[PDB]
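Protein chains in written order, with the authors' numbering: chain Ap, 2 to 92; chain Al, 2 to 51; chain Ak, 2 to 78; chain AR, 65 to 127; chain AA, 2 to 248; chain Ag, 2 to 113. Single-structure report; data block below.
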RNA sequence: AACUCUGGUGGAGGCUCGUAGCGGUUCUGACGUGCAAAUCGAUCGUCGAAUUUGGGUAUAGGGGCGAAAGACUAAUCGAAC
RNA sequence: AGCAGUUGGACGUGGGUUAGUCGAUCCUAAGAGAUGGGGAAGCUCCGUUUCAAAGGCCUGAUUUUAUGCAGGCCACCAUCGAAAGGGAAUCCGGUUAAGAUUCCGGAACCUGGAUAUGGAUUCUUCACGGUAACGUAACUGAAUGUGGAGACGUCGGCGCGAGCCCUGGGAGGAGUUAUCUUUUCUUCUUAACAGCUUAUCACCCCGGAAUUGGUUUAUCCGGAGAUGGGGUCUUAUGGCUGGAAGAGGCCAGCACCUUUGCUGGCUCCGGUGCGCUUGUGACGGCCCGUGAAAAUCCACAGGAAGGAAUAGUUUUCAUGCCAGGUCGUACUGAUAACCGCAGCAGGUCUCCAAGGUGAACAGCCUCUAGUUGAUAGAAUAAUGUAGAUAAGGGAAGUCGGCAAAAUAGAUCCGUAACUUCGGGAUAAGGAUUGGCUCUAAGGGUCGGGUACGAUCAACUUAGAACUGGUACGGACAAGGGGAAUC
Ligand SMILES: [Mg+2]
Ligand SMILES: [Mg+2]
Ligand SMILES: [Mg+2]
Ligand SMILES: [Mg+2]
Ligand SMILES: [Mg+2]
Ligand SMILES: [Mg+2]
Ligand SMILES: [Mg+2]
Ligand SMILES: [Mg+2]
Ligand SMILES: [Mg+2]
Ligand SMILES: [Mg+2]
Ligand SMILES: [Mg+2]
Ligand SMILES: [Mg+2]
Ligand SMILES: [Mg+2]
Ligand SMILES: [Mg+2]
Ligand SMILES: [Mg+2]
Ligand SMILES: [Mg+2]
Ligand SMILES: [Mg+2]
Ligand SMILES: [Mg+2]
Ligand SMILES: [Mg+2]
Ligand SMILES: [Mg+2]
Ligand SMILES: [Mg+2]
Ligand SMILES: [Mg+2]
Ligand SMILES: [Mg+2]
Ligand SMILES: [Mg+2]
Ligand SMILES: [Mg+2]
Ligand SMILES: [Mg+2]
Ligand SMILES: [Mg+2]
Ligand SMILES: [Mg+2]
Ligand SMILES: [Mg+2]
Ligand SMILES: [Mg+2]
Ligand SMILES: [Mg+2]
Ligand SMILES: [Mg+2]
Ligand SMILES: [Mg+2]
Ligand SMILES: [Mg+2]
Ligand SMILES: [Mg+2]
Ligand SMILES: [Mg+2]
Ligand SMILES: [Mg+2]
Ligand SMILES: [Mg+2]
Ligand SMILES: [Mg+2]
Ligand SMILES: [Mg+2]
Ligand SMILES: [Mg+2]
Ligand SMILES: [Mg+2]
Ligand SMILES: [Mg+2]
Ligand SMILES: [Mg+2]
Ligand SMILES: [Mg+2]
Ligand SMILES: [Mg+2]
Ligand SMILES: [Mg+2]
Ligand SMILES: [Mg+2]
Ligand SMILES: [Mg+2]
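Laid out in structure tokens, this is it:
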């Protein structure tokens with residue numbers, strides 16, 4: 002069933018810590034515990050391995066990433082910027 | 002301590018061989034003044050402090 | 002302790018120039034379906050291991066206990 | 065004698081209980097017994113041919 | 002009358018780092034002929050977790066140019082590098098994420114990390130997690146490169162100082178609340194003994210400049226001179242302004 | 002129940018002081034000091050435990066014969082038959098792509 | 001239609017009740033020329049972690065160390081012996 | 001020895017501690033610390049690889065050799081630091097007044113060294129089989145490099161094993177026997193080491209999957225090759241055998257200052273499980289925590305070098321031969337062997353851990369083992385200290401419900417305000433509970449034509465009748481609650 006209405010993963014914290022703080026940690030404990038898809042084998046088997054490490058259980062390949070997501074928005078912007086500058090330099 | 006060093010066991014051996022009373026013939030000597038063993042040690046009275 | 006399942010290997014083992022003593026141990030055992038019989042263990046004392054040959058037939062036991070070398074000291078029981 | 069009485073079912077009423085139901089026998093243990101019974105029966109039936117794999121796979125998840 | 006707690010940290014008795022579990026000093030490869038004239042290919046073999054550090058470390062194995070062996074370097078992993086990735090380090094390296102190439106041989110607006118202050122000191126700037134240095138300038142007549150540091154500071158580095166393309170991995174770490182002193186305890190247990198912090202106003206006057214009184218107050222001004230001496234500097238040292246950052 | 006004692010002067014439940022209660026031919030329960038369990042040799046590429054090689058404590062490999070410590074294939078007790086297969090396939094294919102790259106580069110530098 | 005609901009499963013938490021353990025609330029109980037230069041009894045707080053602890057090691061006196069009481073630094077602490 | 005004492009941890013005199021395998025020794029941890037060098041009037045301080053001319057390993061295996069009058073290689077740079085961490089290897093039985101993993105007997109193993117025989121390999125000189133995972137008794141391999149082991153958190157449930165517990169049959173011995181009881185208690189054991197077998201996981205070969213299938217307690221896996229059919233492996237672990245019944249155990253009969261023993265029998269076959277303790281396996285959860293190091297040992301890559309007659313070399317195969325030093329080793333580990341002035345209700349780290357009740361390593365009772373020690377006797381005044389009870393009232397007592405009492409386990413019902421929506425909550429509040437005789441559900445293994453039965457077993461749940469001085473969480477154990485304020 003629906004065990005909890007809105008705390009979700011932060012029902013382990015009970016009534017403590019403050020509701021805003023438990024919301025802020027809920028939105029990142031979902032993110033750091035989600036299974037992500039691998040960019041090398043296509044399977045949704047990427048898990049976090051001590052923040053910054055994201056390891057795929059198939060094919061055993063490990064990517065550096067953000068502390069709670071595989072790809073932060075700053076890093077994706079950096080990847081696009083370096084792609085743009087490399088395409089400008091080598092052409 | 003049942004796992005001693007030889008230095009501790011050497012001092013323990015000296016203490017064992019010293020843990021004796023006065024010889025009785027020493028009290029019969031000419032101009033004897035020694036009455037008893039005044040450096041006598043027991044394990045229940047004074048710890049020898051290694 | 003090692004067990005031999007071979008007769009010729011045992012017999013060349015008794016003449017190894019390190020073996021001085023053997024033992025013939027007689028067990029009063031039971032087979033399957035419980036009939037009493039006479040197991041015989043021949044134990045050769047090598048210099049590193051003791052080798053046991055287990056013979057469940059008294060005819061073969063009598064044959065090998067006579068085929069043992071005469072210079073080798075055999076204990077019984 | 066008390067063990068034979070307990071096997072016959074005596075000395076197990078409401079006032080002979082000091083631990084909870086889940087303390088006396090866990091609901092997880094009861095569930096594990098049930099699920100292994102149903103999976104054993106389903107695998108026995110599928111390998112005996114009295115159900116096919118397409119009925120077995122429905123009944124596996126429904127069990 | 003007593004030596005105070007910030008003064009006691011320089012003797013370094015209990016205030017040393019807790020460096021048992023750390024993988025090594027995360028440094029760039031040493032500046033040799035290969036890195037100075039061409040490039041050298043290494044291989045990422047592990048992305049490991051450093052203890053007391055918020056960012057992962059890439060154990061990148063190169064070949065030693067002069068002796069047949071393998072030289073393992075410990076880089077700070079930029080966000081996007083993976084195991085089995087070839088890392089190309091040197092002047093003739095290409096502009097890919099993870100490559101280690103000088104600030105003279107990159108375009109304007111390039112985003113680097115683990116970037117040096119002097120050419121050959123093996124990584125100094127933008128090494129914490131999520132941090133990066135933007136390359137805003139070049140000055141080829143004096144071999145300089147204007148960069149923007151993570152603090153907003155504009156700095157002029159040599160164009161032969163190196164940097165690793167990308168942002169440092171482990172970004173967004175501080176966005177999660179620690180929620181409890183247990184999480185802060187285990188945070189600082191592998192860094193150093195800088196926690197828990199007693200406030201100086203809770204102390205006695207012998208323990209701190211702020212201590213004492215029948216009410217917990219500071220008494221004198223918290224803004225202390227830069228030319229003040231060791232023992233007085235317990236407050237806001239050399240503060241240009243105070244209060245909230247509003248206008 | 003008979004109750005056993007440690008046979009050595011270490012009285013603590015350390016990793017090197019594990020015991021096992023065993024019944025002796027005298028009929029009594031006695032502690033038996035078990036050694037540490039051995040770990041399988043792992044591959045140097047994938048880290049998976051590799052087959053055909055005995056699981057011994059590290060100085061027990063000096064006692065056994067050469068057969069127990071290797072497999073008869075290349076990279077015997079070092080790699081695990083799919084890592085070796087990948088190394089062979091990669092060694093063949095990259096050293097053919099090197100020849101292809103050599104003739105393409107020679108063509109492009111010989112055109113102009 | 002976005003999506004809701006129910007029954008199971010699962011076994012999280014500086015979660016709870018409570019042994020060992022660690023503390024030491026109240027009796028302002030006992031004792032108070034004591035068993036004891038701080039204990040005894042009941043009653044209590046806590047009990048899976050900011051836990052409890054042995055061994056090794058480091059910090060030494062106007063110095064240390066202090067989740068801060070001028071606390072603790074060998075029955076010695078608003079400056080040990 | 002706060003009484004005593006013939007007793008003693010006391011007094012007097014002696015005896016006692018046996019190691020290749022248990023430890024130290026060796027390695028590194030946090031760290032201590034010389035050297036070079038720098039500082040300091042100096043005692044000495046810094047630093048631990050530095051800004052040092054810091055060096056030792058094999059020669060291709062050998063007579064112009066105490067192996068050099070030769071190459072070749074290594075770029076590291078003291079040492080101390082753990083009797084709980086890492087670590088080469090020993091077990092059973094017996095034995096003493098007191099020692100034992102140390103002695104004795106038997107059975108092993110490890111390291112170092114020497115070295116012979118058998119085997120193997122060799123006219124294709126440095127093996128062969130399997131498609132393969134890999135197999136084997138062997139089956140050359142220097143520098144150098146690489147890799148592995150050492151080498152690693154914590155919790156949760158599940159699986160397997162061991163020991164214990166429970167228990168059936170049988171072979172003994174002991175108890176009870178007015179009556180009953182095929183009964184109550186007890187013995188029925190198998191070490192290190194060795195051989196052959198033995199597995200989750202993992203891998204290989206065939207094959208090519210949607211009607212998606214396999215599958216866990218826990219939902220993961222499959223065209224990057226699932227299910228399925230064959231195999232390969234690690235040997236934790238189990239089984240059979242050797243050890244090894246000859247030992248040990250339980251008995252019987254005869255000997256009866258017999259030396260002090262002899263002879264004989266039996267020591268067998270099972271079952272069970274959310275059991276307990278422990279080891280372990282495959283997993284899962286957690287982390288801004290991702291949970292030592294080195295010694296040491298091995299393998300691989302490389303191919304320097306060396307070598308072929310009836311076996312030239314080489315043997316990580318087997319069997320043989322010799323050696324294993326030094327120190328510790330007795331005992332207590334505490335209500336008397338340690339610290340607290342002591343023979344002090346204090347403090348002091350840890351392993352093992354039976355039956356019942358019960359959720360329980362709680363409390364209460366017992367088995368093995370241990371103790372029965374603490375000045376005693378008499379009498380039963382007050383006042384105490386500890387434990388209780390009390391008619392009617394029920395906080396009127398007191399600064400204050402201090403102290404005590406009430407409540408309490410489990411099952412079912414019922415549960416408010418407020419809330420950060422997680423809680424509050426065991427809210428509050430209310431029924432039931434014994435015994436006996438039954439009933440009904442909840443399992444495992446055993447078969448089919450190229451619809452159903454034997455058989456075995458555990459304790460959970462629900463219900464019913466009957467029954468009793470309405471008792472029943474019958475001892476123990478075990479929340480008082482509510483409305484509010486700071
Ligand atoms: Mg239970
Ligand atoms: Mg449940
Ligand atoms: Mg440090
Ligand atoms: Mg503070
Ligand atoms: Mg204060
Ligand atoms: Mg052993
Ligand atoms: Mg808690
Ligand atoms: Mg609690
Ligand atoms: Mg307690
Ligand atoms: Mg304790
Ligand atoms: Mg008082
Ligand atoms: Mg008094
Ligand atoms: Mg007194
Ligand atoms: Mg001072
Ligand atoms: Mg004050
Ligand atoms: Mg004091
Ligand atoms: Mg007296
Ligand atoms: Mg007297
Ligand atoms: Mg005496
Ligand atoms: Mg040893
Ligand atoms: Mg040392
Ligand atoms: Mg050790
Ligand atoms: Mg023995
Ligand atoms: Mg003894
Ligand atoms: Mg012996
Ligand atoms: Mg031959
Ligand atoms: Mg062959
Ligand atoms: Mg042995
Ligand atoms: Mg398959
Ligand atoms: Mg335990
Ligand atoms: Mg190995
Ligand atoms: Mg050999
Ligand atoms: Mg001894
Ligand atoms: Mg002893
Ligand atoms: Mg003792
Ligand atoms: Mg004393
Ligand atoms: Mg003293
Ligand atoms: Mg006494
Ligand atoms: Mg019990
Ligand atoms: Mg029970
Ligand atoms: Mg009278
Ligand atoms: Mg009354
Ligand atoms: Mg009344
Ligand atoms: Mg009043
Ligand atoms: Mg009044
Ligand atoms: Mg009260
Ligand atoms: Mg209630
Ligand atoms: Mg309330
Ligand atoms: Mg009833």
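All C-beta atoms in this analysis are idealised placements derived from N, C-alpha and C, irrespective of residue type, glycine included.
Within the stretch 108-123 of chain AA, those residues whose Cβ lies closer than 8 Å to any Cβ of chain Ap are, in chain order, 108, 110, 111, 112.
Sequence-ordered contacts of the stretch 60-85 of chain AA with chain Ap read 78, 79, 80, 81, 82, 83, 84, 85 [C-beta pairs closer than 8 Å]. One Cα belongs to residue 15 of chain Ak, the other to residue 51 of chain Ag, and the distance between them is close to 43 Å.
Where residue 33 of chain Ag is concerned, there is no enclosing alpha helix (DSSP H), although the beta strand (DSSP E) around it starts and stops at 30-34. About 4 Å separates the CB atoms of residue 124 of chain AA and residue 115 of chain AA; that is less than 8 Å, so the two are in contact. At a cut-off of 7 Å between C-beta atoms, residue 48 of chain AA counts as an interface residue with respect to chain Ap. In the DSSP assignment, residue 41 of chain Ak is bridged to Ak:27, Ak:56.
Under DSSP, residue 47 of chain AA shares a beta bridge with AA:60.
Boundaries for residue 13 of chain Ap: no alpha helix (DSSP H) harbours it, and the DSSP string shows neither H nor E there. With respect to chain Ap, the C-beta atom of residue 96 of chain AA has a partner C-beta closer than 7 Å.
Within 10 angstroms of the beta-carbon of residue 29 of chain Al lie fewer than 16 other beta-carbons, which makes it exposed. Shortest Cα-Cα distance from residue 47 of chain AA to any of AA:105, AA:84, AA:33, AA:134 involves AA:84.
When distances are taken from the beta-carbon of residue 6 of chain AA to the heavy atoms of ligand 4, even the shortest one reaches 6 Å or more.
With a 10 Å radius around the Cβ and a threshold of 16 neighbouring Cβ atoms, residue 104 of chain AA comes out buried. Neighbours of residue 73 of chain Ap in chain AA, taken as residues whose beta carbon is under 8 Å from its own, are 80, 131, 168, 172, 173 in chain order. Separation of residue 45 of chain Ag and residue 131 of chain AA (C-alpha to C-alpha, rounded to the nearest whole angstrom) is 32 Å.
If you compare the alpha carbons of AR:114, AR:96, AR:116 with that of residue 127 of chain AR, the shortest gap goes to AR:96.
Here residue 44 of chain Ap has 59 as same chain residues with Cβ atoms under 6 Å from its own Cβ, once five neighbours each way along the sequence are excluded.
The C-alpha of residue 91 of chain AA lies about 20 Å from the C-alpha of residue 69 of chain AA. In terms of beta-carbon proximity, residue 246 of chain AA stays away from the interface with chain Ap, with every pair separated by 7 Å or more. By the CB criterion at 7 Å, residue 170 of chain AA and residue 57 of chain AA fall inside the cutoff. For residue 72 of chain AA, the enclosing beta strand (DSSP E) covers residues 71-77. A Cβ of chain AA is located within less than 7 Å of the beta carbon of residue 83 of chain Ap. Under the Cβ distance rule, residue 13 of chain Ap does not count among the residues neighbouring chain AA, no pair being separated by less than 7 Å. Straight across, the Cα-Cα distance linking residue 11 of chain Ag with residue 22 of chain Ag is about 17 Å.
Within the same chain, 40, 100, 101, 102 come within 7 Å of residue 94 of chain AA by CB-CB distance, once the 5 residues on both sides are set aside. Taking C-beta separations shorter than 6 Å and ignoring five residues to either side along the sequence, the partners of residue 46 of chain Ak in its chain run 22, following chain order. In terms of Cβ geometry, residue 149 of chain AA and residue 166 of chain AA do not form a close pair [threshold 7 Å]. Close partners of residue 37 of chain Ap in chain AA (Cβ separation under 9 Å) are lacking, with about 13 Å as the shortest Cβ gap.
Take the alpha-carbon of residue 3 of chain AA and the one of residue 156 of chain AA: they are about 41 Å apart.
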